[PDB]
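Residue-level structural notes
Given next are the chains, with one letter for each unit.
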Amino acid sequence: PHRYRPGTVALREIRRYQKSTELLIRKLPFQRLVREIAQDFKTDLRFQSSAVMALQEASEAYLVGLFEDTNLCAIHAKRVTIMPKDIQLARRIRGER
Amino acid sequence: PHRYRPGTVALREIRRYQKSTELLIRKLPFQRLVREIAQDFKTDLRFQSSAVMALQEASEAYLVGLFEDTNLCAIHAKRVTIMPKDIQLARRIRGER
Amino acid sequence: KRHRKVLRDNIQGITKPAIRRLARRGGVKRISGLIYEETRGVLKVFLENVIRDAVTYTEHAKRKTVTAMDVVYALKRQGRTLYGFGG
Amino acid sequence: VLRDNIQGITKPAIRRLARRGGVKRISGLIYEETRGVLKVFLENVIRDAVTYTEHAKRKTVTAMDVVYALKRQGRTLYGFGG
Amino acid sequence: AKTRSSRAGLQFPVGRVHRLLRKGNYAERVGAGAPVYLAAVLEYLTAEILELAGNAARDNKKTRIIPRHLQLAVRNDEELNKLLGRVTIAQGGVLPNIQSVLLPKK
Amino acid sequence: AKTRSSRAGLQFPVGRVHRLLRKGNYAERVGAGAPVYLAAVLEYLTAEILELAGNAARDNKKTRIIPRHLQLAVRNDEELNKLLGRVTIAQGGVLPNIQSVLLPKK
Amino acid sequence: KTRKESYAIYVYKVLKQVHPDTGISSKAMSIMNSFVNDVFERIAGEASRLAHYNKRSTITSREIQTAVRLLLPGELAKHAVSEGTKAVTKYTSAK
Amino acid sequence: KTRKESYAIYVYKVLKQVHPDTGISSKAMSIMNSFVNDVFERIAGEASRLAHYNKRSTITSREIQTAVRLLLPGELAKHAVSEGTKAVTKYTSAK
DNA sequence: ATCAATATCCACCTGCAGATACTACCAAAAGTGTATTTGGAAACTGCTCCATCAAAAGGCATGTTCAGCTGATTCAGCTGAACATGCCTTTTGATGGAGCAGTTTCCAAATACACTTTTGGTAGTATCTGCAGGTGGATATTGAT
DNA sequence: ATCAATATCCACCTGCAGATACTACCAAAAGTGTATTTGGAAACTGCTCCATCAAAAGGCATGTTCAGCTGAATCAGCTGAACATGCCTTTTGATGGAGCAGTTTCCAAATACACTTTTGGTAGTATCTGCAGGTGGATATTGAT
Ligand SMILES: [Mg+2]
């Protein structure tokens, strides 16, 4: 059988996902998370479906940009693997923590 | 002939300067640099004394904080010496780049 | 309504592969095993902050429905302006 | 002995700032780098300040011109009016 | 019976802009040239984005500009990128960009 | 002849705040309680900072509050620090803080 | 010659309640004044947006309240809200 | 029956001017509408502040002009200023 | 461990820079009395939002295997810290000199107001067409050897 | 280099979701001429701002010297990628029911606006005093041996 070397498929996935624009998180699970978090603030809330979609677009755009920053931090440390300490450094320098 | 180990005086200066609040750039050279830069936007300009001061306060507070982030970046790469790449990384994550 | 469903642990609905895709879009080649829980936590904070402001707008308007506009205004307040949903 | 105004921001003063920022050890290249950053900082802020001056039809940059410039640059300063 | 738009040589609606300036309570009074100047700026900006966006459409063999095209236009252009540095375009994706060290070999 | 500030039991000028709200173009009309409410909130926050700032002067063997004390008060308190997270207090300096890896090996 | 308005007296009164034997430097007062002005502007600006979002012509204490909740951190918001409602209550029940 | 204005017909005219055989999806148009509203509020906001700062009660084309110089980056600012000036001048002599 | 060089700590003293305190106006508060303007309260009609269930349609979860990355170790070379000696720039402070902000007072142009008429832009209903998604077969990239 | 498994490519086909095409009110532009109001304009005057130089006051540049940091090299332990397999969960497209937005028309409560009296807040000006900065002497830190 044929096997790609570690990192080859990963680079493939980078090109593919950088080329496209669809949401990468599943519609329903994300919806549940929204409803749960919101419910904890206020019971008996409804959501315009486009309110949920706006949250998803915002959330995914935040996370993709955080990973770019995180990646930069890993590479700064002369690694190619992102770690929680990379996310934390990004968020600290961003003024989020 | 008594001699202090590298970094001992450095640490001492950290404590000293973190303790005080005086501006750390000499007023006059800062004033020239302000006026020089202003001159490219409008010629024959005058400056309230407090305007220069405001600019210095803001600049020095800016640079001090950038050195904090810079320092964190150097420590992230397991160093204790700040380098341009540390400044560059801090400014990139800040969105200044 | 016959009853009402209990929502718990929905953060785990944000799967490892979905998180991997977002990293990929973010240009990430290699991912440590701990990233997934860290990201879940970061996403949870993000959503809490935005939903809290969105819901505050909803309540101020005396509605029970969170509108796209509530979310857009919430996003705007937090310096995360979104285009494509009405503002 | 000419020497450009930027160089007036001396090694020891940059060293002092680093110190207040808790920096122990400093590479020789930092000094030039810092001057560059300070210049970009000052450009952005001064530009907006002067734009305020011009608008007010003045020939003097006021503290308030600067304060307003810093505000809109996301660098609100307290203690100089406003 | 002439529109102020056509008087100014503009496609963007001056009447509209004057009105929105009033309802936004930006000041007590709105001068007559304010909405004319602003409508021109708005029109200029949208022409600049539409130009580059249409080009991105074209580079992708498309007739219809979609959000990805608007995103390519903005992010590939230094000044539009800064103007919109803190804005998210829904369904825009990102620019293809892989860091050097991540590529294989030496 | 009795002030709205005394009516509301406040040190902060309800009259001035009302005026400042009108002449701020924040909306066409300003309700009666708004400046009362707003004034209270401003007074409150002032007392919060002045308290901690006072305490800071105290700890430093001083009776007159200077910018340094306002800095120490603000940056030592999580909430004030966040509220003022993008503000620079002239002549405030910074909190003493050295990263532990920079400490010499005890 | 022109009058330069400042929150300084009120700040000073509040200092006296909170710390009766404590004074304040010129600069520290200037900072406190900036602080009041800033917070004023932020609260008002947010209240302004609320009214506009909801097609209302008036800024009522309700807008100020929601504004405070949007701007202030958790515990600071809570107390500010109570101080505000308190002040409004005392003022309404005033003959 | 509920009514809602957008800048869409104007965006479409302008589109037709620069790319005669190019269309635009409704979501792309929605982003274009957002963009215009966004830049409208930023310019008007800066103009608002600018007036206040100078104790003026009028927002004139000069305020918009300065707001544009404050808001836009270098080359876009330069060109927007032309088109604004140009339009104002034409509007004055056309009337 | 000892011994000493230098940094740091505390107490006490003192004049003056920078506080607080006392005063004489007056712009802007509060008072007083109509003049609009507002945004619940009730009462509609009427969608979107929610809930469910079935089928369809795909992505997720888990185990296995090993490539190659991370982080520890150790090392030497170079670079940045320390500090002496040595010069020159910044700080200070009249001076006083003058420029230009900021003060006041003017009126003519431009803005708000109001009404009456005339659009342009929007919501309703009914044809057109980019392209998403499928498929084909030609060719590129990757990795074994 | 060759050889083969698998990904990628580009181009064409096709029905259909999402465009663009024609249409009929009406909220909102435009027009037109009373009536207000602003903010340039012009002429001031008085603080601050620039310059000078005088003083002293002081900080910074340069050279040498070596501690110890950063980066290269080497390597093992093991994490994280690739991919096979089995099956749940999300997606999609129904339906129907209620729960709540959103449109409209009432007036009572509230805020504007104008005008008249009565301060509280400010600038000027005159006292008071916290504490910066200096001095001395005790002990702590650091670094050498
Ligand atoms: Mg719950």
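Here is what the cut-offs are and how they apply
Residues numbered from 1 in each chain as written, not as in the entry; some residues may be left out. Chains lettered and ligands numbered in written order. Heavy atoms only, no water. Residues with missing side-chain atoms left out of burial classes, pairs and counts. UniProt positions renumbered as here; feature names shortened; annotations may be inferred. Helix = DSSP H or I, 4+ residues; strand = E, 2+ residues; numbered from the N terminus. Rg over C-alpha atoms; globule rule 2.2 N^0.38 Å. Contact = heavy atoms within 4.5 Å. Areas by Shrake-Rupley, 256 points an atom, 1.4 Å probe, with all protein chains shown as cover. Polar contact = N/O pair within 3.5 Å; in protein donor to acceptor, adjacent residues only side chain to side chain. Disulfide = S-S within 2.5 Å. Buried < 20%, exposed > 50% of the residue type's maximum accessible area, 1.4 Å probe, protein only. Near = heavy atom within 4 Å. Nonpolar A, V, L, I, M, F, W, Y, C, P; charged D, E, K, R; others polar. Expected span 1.5 Å × (residues − 1). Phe/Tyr/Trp six-rings, centres within 6.5 Å; stacked < 30°, edge-to-face > 60°. Patch = residues over 30% accessible without salt bridge, like charges linked within 9 Å, V, L, I, M, F, W, Y side chains within 5 Å. Salt bridge = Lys/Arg side-chain N within 4 Å of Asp/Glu carboxyl O. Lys, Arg positive; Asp, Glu negative; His and termini not counted. Charge placed at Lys NZ, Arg CZ, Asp CG, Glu CD. Buried area = accessible area lost by both parts, 1.4 Å probe. Core = buried A, V, L, I, M, F, W, Y, C linked by side-chain atoms within 4.5 Å.

For this deposition, the record names X-ray crystallography as the technique by which the model was determined and cites 2.69 Å as its resolution.

Under the PDB entry, the name given to chain C is Histone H4, and the organism recorded is Xenopus laevis. Listed as the entry title in the PDB record is "Nucleosome Core Particle Containing (ETA6-P-CYMENE)-(1, 2-ETHYLENEDIAMINE)-RUTHENIUM". Quoted verbatim from the Sequence similarities field of the UniProt record, the comment on chain C reads "Belongs to the histone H4 family."

Looking at the PDB entry, one finds chain A named Histone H3.2 and attributed to Xenopus laevis. Quoted verbatim from the Sequence similarities field of the UniProt record, the comment on chain A reads "Belongs to the histone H3 family."

To continue, consider the overall build of chain C. In terms of regular secondary structure, chain C is built from three helices and three strands. For chain C, the sequential pattern of α-helices and β-strands runs α-β-α-β-α-β. In terms of overall size, chain C is more extended than a compact globule, its C-alpha atoms giving a radius of gyration of 16 Å where 87 residues would be expected to give roughly 12 Å. Once the C-alpha set of chain C is aligned to its principal axes, its extents read approximately 45 × 40 × 20 Å. Of all intrachain contacts in chain C linking residues separated by at least 6 positions in sequence, the fraction that spans at least 24 positions is 31%. For chain C, the exposed surface amounts to about 4,100 Å²; the carbon and sulfur share of it is 50%.

We now examine the side chain of B:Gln18. Take B:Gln18: it is sitting in helix 1 (residues 8-19). Among the polar contacts listed, one links the side chain of B:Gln18 to the backbone nitrogen of F:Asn97, at a separation of 2.6 Å. Apart from residues lying up to four places away in sequence, B:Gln18 is in contact with D:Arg19, D:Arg20, D:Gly21, D:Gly22, F:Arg68, F:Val94, F:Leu95, F:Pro96, F:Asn97 and F:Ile98.

The next subject is the state of the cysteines. Under the defined criterion, the tally for this structure stands at zero disulfides over all chains. Distance from the sulfur of A:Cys73, which forms no disulfide, to the nearest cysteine sulfur (B:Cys73) is 6.3 Å.

Turning next to unusual backbone geometry. All names here are of chain C. Despite not being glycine, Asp9 shows a phi value in the positive range, around 65°. Here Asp9 shows up in the segment before helix 1 (16-25). Looking at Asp9, the relative accessible area reads 53%, which means it is exposed.

Looking now at the protein's contact with DNA strand I. Taken together, 85 residues lie around DNA strand I, and A:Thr81, D:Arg15, D:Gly28, F:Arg19 and H:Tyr10 are the ones closest in. Those atoms of DNA strand I that come within 4 Å of the protein belong to sugar or phosphate at a rate of 98%. A distance of 2.7 Å is found between a phosphate oxygen of DNA strand I and a side-chain nitrogen or oxygen belonging to B:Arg26. For the surface near DNA strand I, the residue count by class is 21 nonpolar, 24 polar and 40 charged.

Moving on to helix 3 (residues 49-76) of chain A. Residues and elements named next belong to chain A. Taking 1.5 Å of rise per residue, the 28 residues of helix 3 would be expected to cover 40 Å, and the 41 Å separating its terminal C-alpha atoms lies within 8% of that figure. Of all the 28 residues making up helix 3, 22 are buried; the element is thus mostly covered by neighbouring parts of the structure. A positive backbone phi angle near 60° is found at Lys78, which sits one or two residues after helix 3.

Our focus in this paragraph is the packing of aromatic side chains. Here the structure, examined in full by the defined rule, presents 15 aromatic pairs over all chains. Measuring from centroid to centroid gives 4.4 Å for A:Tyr62 and C:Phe46, while their planes differ by 25°, and the two rings are stacked. Remark: C:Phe46 occurs in helix 2 (residues 35-60) and A:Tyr62 occurs in helix 3; the pair is interchain, linking two chains. Pair check on accessibility: A:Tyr62 and C:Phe46 agree, each one buried. Considering the side-chain rings of F:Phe12 and G:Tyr7, the 6.0 Å spacing of their centres and the 20° angle between planes classify their relative orientation as stacked. Placement of the pair is F:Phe12 in the loop between helix 1 (4-8) and helix 2 (14-22) and G:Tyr7 in the segment before helix 1 (8-18), with the two residues belonging to separate chains. Residue F:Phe12 is classed as buried on the basis of its relative accessible area of 0%.

Moving on, we get to a positive patch on the surface. On the surface, a cluster of positive charge is contributed by D:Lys57, G:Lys4, H:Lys55, H:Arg56 and H:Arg62. You can see H:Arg62 is positioned in helix 3 (residues 61-71). The exposure class of H:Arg62 is partly exposed, given its relative accessible area of 32%.

A few words now on the protein's contact with DNA strand J. Around DNA strand J lies a shell of 85 residues, among which B:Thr81, C:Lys64, E:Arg19, F:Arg22 and H:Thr58 are the nearest. Of all atoms in DNA strand J that approach within 4 Å of the protein, 96% are sugar or phosphate atoms. Residue A:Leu28 places a main-chain N or O atom 2.9 Å away from a phosphate oxygen belonging to DNA strand J. Take D:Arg3: an N or O atom from its side chain is 3.5 Å from a phosphate oxygen of DNA strand J.

What follows covers the interface of chain E and chain H. In this complex, chain E contributes 53 residues to the contact, which on the side of chain H involves 58 residues. With both sides pooled, the region where chain E packs onto chain H buries about 5,000 Å², and carbon together with sulfur makes up 73% of that total. Close ionic contact of E:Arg16 with H:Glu5 constitutes a salt bridge, the shortest N to O distance being 3.2 Å. Along the contact surface separating chain E from chain H lie 17 residue pairs in polar contact. Secondary structure elements with two or more residues in the side of chain E that touches chain H: helix 1 (4-8), helix 2 (14-23), strand 1 (29-30), helix 3 (34-59), strand 2 (64-65), helix 4 (67-75), helix 5 (78-83) and strand 3 (87-89) of chain E. With 18 residues, the top contributor of residues to the side of chain E that touches chain H is helix 3 of chain E.

Bringing the nonpolar core into the picture now. Ranked by internal contacts, the top residues of the largest apolar core, which has 111 residues, are A:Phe47, A:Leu55, B:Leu55 and D:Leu42. Sorting elements by how many residues they give to this core places helix 3 (residues 49-76) of chain B first, with 14 residues. Dropping the residues within four chain positions of it, A:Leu55 is found in contact with A:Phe30, A:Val34, A:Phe47, C:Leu47, C:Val50, C:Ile51 and C:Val71. Core analysis: the next-biggest nonpolar cluster, separate from the first, contains 67 residues, F:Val30, F:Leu50, G:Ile43 and G:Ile59 among them.

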